[PDB]
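Examining the three-dimensional arrangement
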Amino acid sequence: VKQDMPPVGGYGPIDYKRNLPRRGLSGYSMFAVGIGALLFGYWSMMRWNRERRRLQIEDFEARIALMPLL
Amino acid sequence: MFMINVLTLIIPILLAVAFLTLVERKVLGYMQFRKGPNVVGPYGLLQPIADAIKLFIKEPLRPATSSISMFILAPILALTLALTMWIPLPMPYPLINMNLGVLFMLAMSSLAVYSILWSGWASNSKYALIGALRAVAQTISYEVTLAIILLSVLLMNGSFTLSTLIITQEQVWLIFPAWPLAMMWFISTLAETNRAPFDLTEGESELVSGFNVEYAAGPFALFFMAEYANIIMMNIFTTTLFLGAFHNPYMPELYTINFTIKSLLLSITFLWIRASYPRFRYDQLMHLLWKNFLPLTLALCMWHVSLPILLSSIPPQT
C-alpha cells in the first residue's frame, strides 16, 4: 500500500526555543566614543572660532581704516 | 527676475512632494516584504500623477454643519505656511538673506499649527475636536524643547543667520560637539511634523482621520502636500544645521549635490523610522518631553552657555 507516512528514520530536529543573539558594545564603550567625539568637536570648534575672531578683527580694522574718506 | 526664482523654488518642491509619496509607498512596502506601486508606470513613475489628478476631479463635499470660513481657510494657510519658510534656507545661496532666519522659522512653525486647529474646530465633529486637542498637546510638548535645542545648537554659530551656518562647517560638523542635541533635535522634528510614532493627529486606529476626518478630496490634498513639504524642508534644515557640507563660491554644484544627497538620505532614514515603532500615547508625549527631555536640554543649554567662556571660543556675531 501507499499512504502519507513519515520516512524510515523520521523527521529531523526542529528548533522551538527562543534564540536572541545579544550583541553590540558594552555601555562603557559607547560612552567613551561619545565623550571622545565631544572632545574632538570641542577642540575643532575652539580652533576655528579663534581663527574666525582673528578674521573679524582684521575686517573691523580695515573698516576703521576706511572710515574717514566715507 | 525674482518671480522666476520664486516659481523655481515653489514648483519643484511640490514635484518632490509627489515623488516623495511615490518612494514612500515603495519603500514602506519594501520593508514590509512586499513590492510597491509599479503597475501604472515603469517602476510606478506615473502613480503621483494619477493620485494628483484623481483628487482634483472628485467632489469637494462641503459639510452643512461646518463653518465654511475656517473650513476653506485652513488648507490654503497650511500649504502657504509649509511653502513660506523655505526661503531662508541656504541652497547654497538663500532666496531671502534674513539676519534672523532662525526666528522666522520658529515663528512660521508656530503658525503652522493654526491650520490644524481651524480645521479641527471648523468641521462640527467629535473626532476633529479630539484631533485638535491632541495637536494642542503635541505643540505643548514640542515647542518648549525645540526652541532650546535650536538656541543651544546655535550658540556656537554666533548669530541667527542661516547663511553664516555654512561657514561654521568649514572645519568640522557641529554634530560632533552636539551629538546629544542632535538626538534631541531629531526627536523634536519627529514630533513637530506629525509623523509616526509621533503622529497623534492623523491616527488610523485611534481616530479615523482626526483633524481632517470630514475633509473630502481637493481640500484634503493640500494638507498632504503641506505635511510632506514640511518633512522634506525639516530634513533639509536638519542637514544644514548638523551635517553642513563644503561650500566653494566658484562652484555651487558641489554643495548642491552634497546637501541634496544628505537630505535625501535623512528623508530615507525618516521613512525607515516612521514604520518600525508603535504609536505613542499623547499622555506619554508630555510625560517624556516635559519630564525626560526638558531637564537634559536645560543642562545642555547651560553647558553650551558656559562652554565658549571655558575654552575661550566665543564665536563672532558677524
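Cut-offs and rules
- By convention in this text, residue numbers begin from 1 on each chain and track the written sequence, not necessarily the entry numbering, and residues missing coordinates are not displayed.
- Here every chain gets a letter starting at A, and every ligand a number starting at 1, in the order they are written.
- The chains in this view make up only part of a larger assembly, and the values are for that part alone.
- Side-chain metrics rest on all non-hydrogen atoms present in the structure, leaving aside hydrogens and water.
- UniProt positions are given in the numbering used here, feature names are shortened, and annotations may be inferred rather than shown by experiment.
- The numbering of helices and of strands both runs from the N terminus, where a helix is a DSSP run of H or I of at least 4 residues and a strand a run of E of at least 2.
- Contact definition: two residues touch when any of their heavy atoms are within 4.5 Å.
- The term buried area refers to how much accessible surface (probe radius 1.4 Å) is lost by two components on association, counted for both of them together.
- Any carboxyl oxygen of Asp or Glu that lies within 4 Å of a side-chain nitrogen of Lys or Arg is treated as forming a salt bridge with it.
- A 3.5 Å cut-off defines polar contacts: any pair of N or O atoms within that distance qualifies, except that in protein one atom must be a possible hydrogen donor and the other a possible acceptor, and neighbouring residues in sequence count only when both atoms are side-chain atoms.
- Categorising residues by exposure relies on relative accessible area from a 1.4 Å probe, with only protein chains included: less than 20% of the type maximum marks a residue as buried, more than 50% marks it as exposed, and the intermediate range marks it as partly exposed.

Structure determination for this entry is recorded as cryo-EM, at 3.8 Å resolution.

Going by what the PDB entry lists, chain B is known as NADH-ubiquinone oxidoreductase chain 1 and is assigned to Ovis aries. In the PDB, the title recorded for this entry is "Complex I from Ovis aries at pH9, Closed state". Recorded under Sequence similarities, the UniProt text for chain B is reproduced unchanged: "Belongs to the complex I subunit 1 family."

Per the PDB entry, chain A goes by NADH dehydrogenase [ubiquinone] 1 alpha subcomplex subunit 13 and derives from Ovis aries.

1. Brief notes about unusual backbone geometry
All names here are of chain B. Of note, the amide linkage connecting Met91 to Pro92 takes the cis form, showing an omega dihedral of -10°. Tracing the sequence through the fold places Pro92 in the loop between α3 (68-84) and α4 (101-111). Residue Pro197 follows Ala196 across a cis peptide bond; omega there is 5°. Tracing the sequence through the fold places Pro197 in the loop between α8 (179-192) and α9 (219-242).

2. Considerations on the interface of chain B and chain A
The interface of chain B with chain A comprises 24 residues on the first partner and 17 residues on the second. For the chain B and chain A pair, buried surface summed over both sides reaches about 1800 Å², with 62% attributable to carbon and sulfur atoms. Three residues stand out in chain B for area buried against chain A, namely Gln171(B), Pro177(B) and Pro316(B), and they jointly supply 27% of the buried area on that side. Scanning the region where chain B abuts chain A turns up 0 salt bridges. Between the two partners, chain B and chain A, sit 5 residue pairs in polar contact. At the level of secondary structure, the elements contributing two or more residues to the side of chain B that touches chain A comprise α7 (165-168), α8 and α11 (289-311) of chain B. The dominant element in the side of chain B that touches chain A, judged by the number of residues it contributes, is α11(B), at 4 residues.

3. Let's talk about the side chain of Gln56(A)
One can find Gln56(A) in helix α1 (residues 27-66). The exposure class of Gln56(A) is buried, given its relative accessible area of 11%. Those residues in contact with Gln56(A) that sit more than four places away from it in its chain are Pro316(B), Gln317(B) and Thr318(B).

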